[PDB]
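So this first bit is one chain, no partners, the form deposited in one PDB entry, shown in structure tokens.
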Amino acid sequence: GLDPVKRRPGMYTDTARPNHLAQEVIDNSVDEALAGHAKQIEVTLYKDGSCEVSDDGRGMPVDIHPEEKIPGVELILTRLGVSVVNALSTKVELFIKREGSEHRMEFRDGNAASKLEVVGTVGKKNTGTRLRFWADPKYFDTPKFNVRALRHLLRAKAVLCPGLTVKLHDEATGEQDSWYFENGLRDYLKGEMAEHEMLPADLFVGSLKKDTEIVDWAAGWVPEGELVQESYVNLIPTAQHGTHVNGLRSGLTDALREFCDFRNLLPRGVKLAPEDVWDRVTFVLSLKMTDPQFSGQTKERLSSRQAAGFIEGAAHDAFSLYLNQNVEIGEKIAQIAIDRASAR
């Protein structure tokens, strides 16, 4: 039943505005992209207050449940995720392209307002899902979407999913956006820091997979300029960073320290502190792990001690190898850290 959601919307979404509802719909399309079955996602904010999210994924299920006797997609929207979107919307209309046909279903106040209809015939490779919802203003402080927050969120999806093209279309202003990063983290960070020189010039990139745990990152040392420092856990942004970031920091520090030691770069009585190594670092870090635990006054920080050791080892081994194969660049990075230490 969806009544519990209607009774206490604040327990299922952010009632300040409909951004979170859109987020839930967007996450479904991003999962298709992460599974390698989607390359295009487009979000549209309409003047009537509705929001539509369209993807070229495999498409939501259009079969009928043997027990329930209703469309599988209907069960998704009316049971227990995206069901919250439907429970808090006066209307929801979705079109699904799957198995050579385009289907349509409508909902009103969370209840099915039609059957699963065959509305078109399409090629076998033409698949995808488009879901438009009309949030019921009586549940939110305002029906208006924070477009700026949505732009950042959509861009992140393109960053975290290499090869995925994400678009935003705001009908009120007519403004259009398009994000695409063939490389993912590296292309994004390079573009954001294109105005400043850094070491390595093309960043220092690395990644490691042990199977349930996966980490990806791009980092560089910037002598001068605003630093980009963003971290994520399962595509969830951690504004307050945390254990995964501490691991990256500790790992890069250990490798650099060892480098300065072997190369005999340390001035008299000077030892590198992690702050010396981290102060001018610009980076993007993306971690994927099972059931991540968050801390902080707002859950915006990761606490998984496991994540620290995992990333520390990944960054340590990866950065040591890079430094040893790029001595000149390595000594320039070490110097940035040494200058901080000597100047402390």
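The first residue of the shown sequence is 1; numbering continues from there.
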Checklist entry - Count of coordinate-less deposited residues separating residue 80 and residue 81, as none, 1 to 3, 4 to 9, or 10 or more? => result 10 or more
Next on the checklist: Which is higher on mean Cα B factor in this entry, 204-212 or 254-262?
Outcome noted: 204-212
Checklist entry - Do the CA atoms of 230-238 or those of 267-275 have the higher mean B-factor in the entry? => result 267-275
Checklist entry - Taking the values straight from the PDB record, which of 44, 282, 306, 286 has the highest C-alpha temperature factor? => result 306
Checklist entry - Looking at 92, 75, 189, 87, which has the highest Cα B-factor in the entry? => result 75
Item to check | Ranked against its chain, the third holding the CA B-factor of residue 40 | outcome: middle
Checklist entry - In terms of the chain's CA B-factor thirds, is residue 223 lowest, middle or highest? => result highest
Item to check | Record-listed C-alpha B factor of residue 27: chain third | outcome: lowest
Checklist entry - Based on the entry's values, in what third of the chain does the Cα temperature factor of residue 137 lie: lowest, middle or highest? => result middle
Checklist outcome for this item: Of the three thirds of the chain ranked by Cα temperature factor, residue 120 occupies the lowest
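One more form of this protein exists, namely the form deposited in another entry; it is left out here, but the text below deals with it.
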Item to check | Rigid-body membership between this form and the one not shown: residue 16 with residue 169 | outcome: yes
Checklist entry - Versus the form shown, are the CA atoms of residue 180 and residue 224 closer or farther apart in the other form, given a shift of 3 angstroms or more? => result farther
Checklist outcome for this item: Distance flag for residue 163 and residue 201 (Cα, change 3 Å or more) in the other form: the two residues are farther
